[PDB]
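Colleague:
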Amino acid sequence: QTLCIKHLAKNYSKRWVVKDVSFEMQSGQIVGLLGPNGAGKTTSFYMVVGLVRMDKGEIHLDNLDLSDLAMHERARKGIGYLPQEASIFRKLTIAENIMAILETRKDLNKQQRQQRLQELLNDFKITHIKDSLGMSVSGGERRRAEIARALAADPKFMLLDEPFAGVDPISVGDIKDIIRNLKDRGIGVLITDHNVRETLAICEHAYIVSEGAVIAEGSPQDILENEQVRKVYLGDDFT
Amino acid sequence: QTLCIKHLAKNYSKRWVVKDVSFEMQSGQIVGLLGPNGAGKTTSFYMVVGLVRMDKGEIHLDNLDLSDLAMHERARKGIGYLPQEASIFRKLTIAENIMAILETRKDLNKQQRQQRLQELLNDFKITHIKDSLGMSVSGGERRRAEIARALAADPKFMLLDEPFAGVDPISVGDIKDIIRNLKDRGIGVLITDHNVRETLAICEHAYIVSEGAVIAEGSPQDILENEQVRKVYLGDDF
Amino acid sequence: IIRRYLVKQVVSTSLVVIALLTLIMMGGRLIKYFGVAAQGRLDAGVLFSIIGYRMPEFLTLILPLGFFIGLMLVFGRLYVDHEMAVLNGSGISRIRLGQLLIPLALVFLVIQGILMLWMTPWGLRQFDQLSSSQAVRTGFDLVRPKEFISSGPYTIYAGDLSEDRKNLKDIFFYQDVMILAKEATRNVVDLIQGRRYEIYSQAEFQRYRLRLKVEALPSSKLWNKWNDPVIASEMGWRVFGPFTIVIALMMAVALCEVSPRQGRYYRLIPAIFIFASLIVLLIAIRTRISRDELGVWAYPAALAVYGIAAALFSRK
Amino acid sequence: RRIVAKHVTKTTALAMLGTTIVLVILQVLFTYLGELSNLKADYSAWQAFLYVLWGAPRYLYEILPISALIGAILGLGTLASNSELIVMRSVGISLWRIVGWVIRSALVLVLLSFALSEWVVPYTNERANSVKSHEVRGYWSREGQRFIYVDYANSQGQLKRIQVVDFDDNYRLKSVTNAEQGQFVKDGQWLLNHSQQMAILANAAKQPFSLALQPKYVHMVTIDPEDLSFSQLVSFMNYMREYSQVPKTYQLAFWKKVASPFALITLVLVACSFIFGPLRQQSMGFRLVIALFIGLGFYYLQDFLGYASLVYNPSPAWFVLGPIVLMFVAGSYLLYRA
Ligand SMILES: CN1C(=O)[C@H](CCCCN)NC(=O)[C@H](CCCN)NCc2cccnc2Sc2c(Cl)ccc(Cl)c2CNC(=O)[C@@H]1Cc1c[nH]c2ccccc12
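Chains as they are written, first to last, in this note's numbering: chain C, 21 to 259; chain X, 1148 to 1385; chain V, 11 to 326; chain F, 13 to 350.
Shown next as structure tokens:
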């Protein structure tokens, strides 16, 4: 499975914020979408997710065009999305939170729905807090519950918005382990984040967007060696 | 000049979020207030600034008690504050933005007010964009205008809230240079930020707050060597 | 499970909004009635009965508006707290969530039909009867302190009046016949320390005694007789009003989108003014249907215009 | 210290003006919709539209308090959500100074209220009444122990079908008289024709006598106490008090009129305290909704206490100024909490 995005463009207030952004991603591959703040990475990410209507470009998923499909139709095709801000259903139980999305699956029945809920709870180690409301859980456990809920829909590509925001160095390792678990599950992860240092540590392929266009691409080492990103984005000294 | 904070405490929803937080800072000294997110650093910082009413503790500035004074009274004593989010007056010109705070100074008159405005504009290199509205300026220039406006009040201690948030690695050097310029001006800077790596690079003294109490203090090297912060906050590697 | 979540949220918020709007509107009307009683034109003791009898008629308006505002608030909260984002990302669309609430909309439609066809005519019949009973007030019933009150051939002046409308003082009464009295207490009215004059006859007394429609008709009568434009208009307004619940549901679904920064309450005012546009169009198409100009068919059509307009808007 | 003051005053005044215009338009529209149910053969839709349009100054005058409330809410919400009030405080500018600037803004609305009440409303209201209907009859009055009935009175200074009864201090008839026509001559005295009289009969072709009725206040009788301007209300109340007993409704009108600017200022202060207090860090929609609720609550409380003043014994001053003082204290306390 390969998600290909070609020649995206978007303008606000008669100013072209994004101009000819393009890249490709594959299942089981971690791709980073980085760049200077407000230079196009965030808008391009939201164009891929579907929150913002596209002004130009195309999106394909194995010869299946997602250009005109709405957000939920893309999600039905296998594109899950994890927002930066809290998104757990506040007044629903965590078990209820996961089961709500499990019930949307047409290819499951009650018994295997319950079995999948049990496996997700055990996998994310949130089983002991399964009976508590989402509004009364800590940040890390809430994020793990959100990720389990997202996986409940069986997405093929997961688009993460700022997974390392507000995360102390102690929990960055746990989040990296979680992302690597998603990779091992066969889900291609598209991460967008301000914390470039930790994002480049795991991403197998990275695209740098500046001035609304992609200026660099390749492995993190290739990105660090690139002179243009150093000049405009990373600076002379970075590791 | 030394700002001393002793035995702060604050509780929300009958839960003690901050318990016995204390530290000290001096003019011309950069002090970092770091720790795990939501462990007390942010609430303690806002208690020092004045946004949140204090439930316990005391604050002194050279034998002058700031405990009962309101936010603006503390500011009158020399405690400036730089918020994380945008705070430039949207519909006022940048020159007007600085002049508005300059006019509040009782010890200046029109001529030296204008002279101070000129010096601040030249110092922060925002003179060429002096005539544009605040709502139509870029992030870096807006932040520099905010810092110049804060300096216009001549604060003795500047409390910065997340100065490195949303800042690319290219501009982190410029922000560090700005903070060092404030230090050279004799203003003690109290920085609170999530980005511990860049904060420890410049802070001469750092306090780590966990579980609502201060668990470590000293130079950044001493903090990195501390085993408790490594166990709870920084992790085995860093 | 998501259906029970949405239903619980919508029912709770809609009941809160219905209670609050009921309080606002009929507190305003209660204050107006209290002022009227303060002028002696109405018995302050029965105005509570008036409010109780007019309950159904104000609920007729509040329940659609309350349901609409509740739906708007629930979906605005869903958008603000990013729950709508994850629901969309799980394959559940906004229109799907709106459809999941159809049983609740049918329940509210049934409730409003009960109010429209039985409770409202009964309330407005009782209210009309009580108002007719209260409208025959005259003489001392309308007396005001330190003022001259004229009704029929009678005119009364009183210098004082207690908290209850009794125990008058400094009473002057004019027809030919004239009466003065130091005190009086209420047509059987006692007068104490008084004098009587004829205009020549004079008399004194320590104690003396004086002695001086379609909207309420049941649906049972109106279900037929459609030939008459007034009954046609009314019966059409009862039959086709309940579907305002469905129109409110679908239009709230159409207009509910709002960004987190804008807030939960951002799009309440424009949406409420669109709904009040529907209400006004309907309260107009009624007036006409009555004067025999537009015809009954205009009721569902108007709804359809506000229905289709929403259905298209939600699918842009 | 004028640049920040100028900025705050400009923002808040523009918010108030925009809110005032919007509310005036909405009230005109709603009043027309309400006055579209009383159409008659001689009263067409165009006549109703003209009647509502002529009533616009009255609606504006009645909307100024809530207009100022919502304007303060919106202006200070724009200032706060942009994090301008936080920096304003952080440079040493106190909360009370910002409230003072907002009160400076609201004084314009107070002045406009005075101008409308004393100059504009009595004219456009009369025009609207003339339009709707198209200088008093059957007027009873008292002068101490005398009771007077005038079947017709003309503000030009004429009376037709006069009857007068004069009583003794012990309420015994002192005299009675009737007259066909009468004409004011000097302050407190009228000539009249056909003076039938009886004393404790008699007739006369023409005779003068003293009664306190004056052409100046004849037209005021048919007008409600609330709709009278402050000058007219004060003059009429002084006349009635000096010659008879002033009704309690006129006292209620006087106390409600005198307390209007204080009500406006107190409501603005409550708005500012709410912005600095509970409504800090809230969506602008929520701020607007809470402002509307505060406005409705204030109007309902004012009306209910005015009526309770009429029903109950003590003076209307308490019922009118209690809410103002209580809300001022509540706002001051909320401002003390910062
Ligand atoms: C003739 N009318 C009315 O008497 C309505 C219905 C009263 C009984 C409801 N149970 N009330 C009013 O006017 C009163 C004015 C008091 C005058 N003393 N308060 C305003 C109002 C209340 C309810 C609906 N609209 C309005 S104002 C309006 C609006 Cl919003 C839009 C368009 C139009 Cl033409 C009008 C003018 N009004 C009318 O056309 C209604 C028509 C009607 C007759 N039967 C009804 C039964 C239910 C609903 C409406 C009607």
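Beta carbons: idealized from backbone N, C-alpha and C, even for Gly.
#1: According to DSSP, simplified to helix, strand and coil, what is residue 1304/X?
#2: Three-state secondary structure (DSSP) at residue 265/F?
#3: Please classify residue 1188/X: is it buried, with 16 or more other beta-carbons within 10 angstroms of its beta-carbon, or exposed?
#4: Let me see if you follow: with CB-CB separation under 7 Å, is residue 95/V close to chain C or not?
#5: What are the residues that DSSP puts in a beta bridge with residue 1206/X?
#6: Can you confirm whether the stretch 164-174 of chain F touches the stretch 194-211 of chain F when touching is taken to mean that 3 or more C-beta pairs between the two stretches lie within less than 8 Å?
#7: Kindly indicate the opening and closing residues of the alpha helix (DSSP H) around residue 27/F.
#8: Just checking residue 297/V against ligand 1 - is the residue's beta carbon closer than 6 Å to any of the ligand's heavy atoms?
#9: Report yes if the C-beta of residue 249/V is less than 6 Å from at least one heavy atom of ligand 1; otherwise report no.
#10: What's the gap between the Cα of residue 1342/X and the Cα of residue 128/C?
#11: So residue 1250/X and residue 13/F are supposed to be a Cβ contact under 8 Å. How far apart are they, rounded?
#12: Name the residue from 247/C, 256/C, 187/C, 210/C whose alpha carbon lies nearest to the alpha carbon of residue 25/C.
#13: Distance check for residue 233/F and residue 150/F, CA to CA, integer angstroms please.
#14: Which one of 213/F, 314/F, 322/F has the shortest CA to CA distance from residue 338/F?
#15: Only counting runs of 4 or more residues, tell me where the alpha helix (DSSP H) segments fall wholly within the stretch 192-277 of chain F, in order along the chain.
#16: Please say whether residue 99/V and residue 27/V have beta carbons closer to each other than 7 Å?
#17: With DSSP as the reference, label residue 18/V as helix, strand or coil.
#18: Taking only three categories from DSSP, how would you classify residue 1173/X?
#19: In chain order, what residues of the same chain have a beta carbon less than 6 Å from the beta carbon of residue 225/V, not counting five sequence neighbours either side?
#20: Going along chain F, which residues have a C-beta under 9 Å from residue 1140/X?
#21: Please compile the residues from chain V whose C-beta is within a distance smaller than 8 Å of the C-beta of residue 226/F.
#22: Taking 7 Å as the CB-CB cut-off, is residue 85/C touching chain X?
#23: For residue 236/C, which residues does DSSP report across the bridge?
#24: Is residue 293/V near ligand 1, with its Cβ less than 6 Å from a heavy atom?
#25: Could you spell out the range, first to last residue, of the alpha helix (DSSP H) harbouring residue 154/V?
#26: First and last residue of the alpha helix (DSSP H) that includes residue 159/C?
#27: In angstroms, rounded to a whole number, what distance separates the CA positions of residue 148/C and residue 43/C?
#28: Do residue 308/F and residue 299/F count as a contact pair if the criterion is CB distance below 7 Å?
#29: For a test of your reading of the model: does the CB of residue 303/V fall under 6 Å from any non-hydrogen atom of ligand 1? Yes or no.
#30: Measure from the C-beta of residue 63/C to each C-beta in chain V and report whether the shortest distance is under 7 Å.
#31: Pair every Cβ in the stretch 244-257 of chain C with every Cβ in the stretch 218-230 of chain C, then say whether three or more of these pairs are closer than 8 Å.
#32: Verify the CB distance criterion: does residue 48/V have a CB-CB separation below 7 Å to chain F?
#33: For ligand 1, is there any heavy atom lying closer than 6 Å to the beta carbon of residue 67/V?
#34: Less than 7 Å between the C-beta atoms of residue 1214/X and residue 1335/X, yes or no?
#35: Verify the contact flag: residue 309/F, CB atom, against every heavy atom of ligand 1, threshold strictly below 6 Å.
#36: Could you tell me whether any Cβ in chain C is nearer than 7 Å to the Cβ of residue 1313/X?
Modeller: So, to answer that:
#1: As a working note, residue 1304/X is residue 157 in the second sequence. In this structure, residue 1304/X counts as strand in the three-state DSSP scheme.
#2: Taking the first residue of the fourth sequence as 1, we reach residue 265/F at position 253. Residue 265/F falls in the helix class under three-state DSSP.
#3: For the purposes of this step, residue 1188/X is identified with residue 41 of the second sequence, where counting begins at 1. Per the 10 Å Cβ criterion, buried.
#4: Position 85 of the third sequence holds residue 95/V. Interface residue, yes.
#5: Here the question's residue 1206/X lines up with position 59 in the second sequence. DSSP output for residue 1206/X lists 1152/X as bridge partner(s).
#6: Yes: at least three Cβ pairs fall under 8 Å.
#7: Start at 1 with the first residue of the fourth sequence, and residue 27/F comes out as number 15. Its alpha helix (DSSP H) spans residues 15-46.
#8: Locating residue 297/V in the third sequence gives position 287, where the first residue counts as 1. Checking every heavy atom of ligand 1 against the Cβ of residue 297/V, one is found closer than 6 Å.
#9: As a first step, residue 249/V must be located in the third sequence, where it is residue number 239. Result no, Cβ not under 6 Å from ligand 1.
#10: Mapped onto the second sequence, residue 1342/X falls at position 195. Mapped onto the first sequence, residue 128/C falls at position 108. Going from the Cα of residue 1342/X to the Cα of residue 128/C covers about 44 Å.
#11: Here residue 1250/X refers to the residue found at position 103 of the second sequence. Here residue 13/F refers to the residue found at position 1 of the fourth sequence. Residue 1250/X to residue 13/F, Cβ: 6 Å. Contact.
#12: Translated into positions along the first sequence, residue 25/C becomes position 5. The residue among 247/C, 256/C, 187/C, 210/C with its C-alpha nearest the C-alpha of residue 25/C is 210/C.
#13: Your numbering for residue 150/F matches position 138 in the fourth sequence. Your numbering for residue 233/F matches position 221 in the fourth sequence. Residue 150/F and residue 233/F: Cα-Cα distance of roughly 11 Å.
#14: The sequence position of residue 338/F within the fourth sequence is 326, counting from 1. For residue 338/F, the closest C-alpha among the options 213/F, 314/F, 322/F is that of 314/F.
#15: 242-255, 260-270
#16: Taking the third sequence and counting its residues from 1, the one referred to as residue 27/V is at position 17. Taking the third sequence and counting its residues from 1, the one referred to as residue 99/V is at position 89. Cβ distance not < 7 Å, so residue 27/V and residue 99/V don't count as in contact.
#17: Position 8 of the third sequence, counted from the start, is the residue given in the question as residue 18/V. Note: residue 18/V maps to helix in three-state DSSP.
#18: The sequence position of residue 1173/X within the second sequence is 26, counting from 1. In the structure shown, residue 1173/X sits in a strand (DSSP, three-state: E or B).
#19: As a first step, residue 225/V must be located in the third sequence, where it is residue number 215. So the list reads 134, once near-sequence residues are dropped.
#20: Examination of residue 1140/X is not possible in this model, given that chain X is present from 1148 through 1385 alone.
#21: Against the fourth sequence, residue 226/F aligns to sequence position 214. What residue 226/F touches in chain V: nothing, since even the nearest Cβ is about 18 Å away.
#22: As a working note, residue 85/C is residue 65 in the first sequence. Output row for residue 85/C: interface = no.
#23: Position 216 of the first sequence, counted from the first residue, corresponds to residue 236/C. Paired residues: 228/C.
#24: Within the third sequence, the letter at position 283 stands for residue 293/V. Residue 293/V Cβ: within cutoff of ligand 1.
#25: By 1-based counting over the third sequence, the position of residue 154/V is 144. Element bounds for residue 154/V: n/a, residue is neither H nor E.
#26: Position 139 of the first sequence, counted from the start, is the residue given in the question as residue 159/C. From DSSP, the alpha helix (DSSP H) with residue 159/C extends over 159-172.
#27: Walking along the first sequence from the start, residue 148/C turns up at place 128. Walking along the first sequence from the start, residue 43/C turns up at place 23. Computed Cα separation, rounded: 41 Å.
#28: Counting from one through the fourth sequence, the residue named residue 299/F turns up at place 287. Counting from one through the fourth sequence, the residue named residue 308/F turns up at place 296. With a cutoff of 7 Å on beta-carbon distance, residue 299/F and residue 308/F are scored as not near each other.
#29: Here residue 303/V corresponds to residue number 293 of the third sequence, with the count starting at 1. Residue side-chain check: residue 303/V keeps its Cβ at 6 Å or more from all non-hydrogen atoms of ligand 1.
#30: Residue numbering aside, residue 63/C sits at position 43 when the first sequence is read from its first letter. No, residue 63/C lies away from the interface with chain V (no Cβ there is under 7 Å from its Cβ).
#31: Result yes; three or more Cβ-Cβ pairs closer than 8 Å.
#32: Residue 48/V sits at position 38 when you count from the first residue of the third sequence. Judged by the 7 Å Cβ criterion, residue 48/V is in contact with chain F.
#33: Here residue 67/V refers to the residue found at position 57 of the third sequence. Indeed, a heavy atom of ligand 1 lies less than 6 Å from the Cβ.
#34: Your numbering for residue 1214/X matches position 67 in the second sequence. Your numbering for residue 1335/X matches position 188 in the second sequence. It is not a contact, given that the beta carbons lie outside the stated cut-off.
#35: Reading the fourth sequence from its first residue, position 297 is the one you call residue 309/F. Every heavy atom of ligand 1 is 6 Å or more from the Cβ of residue 309/F, so no.
#36: Indexing the second sequence from 1 puts residue 1313/X at position 166. Taking Cβ atoms only, chain C reaches closer than 7 Å to residue 1313/X, which makes this a yes.
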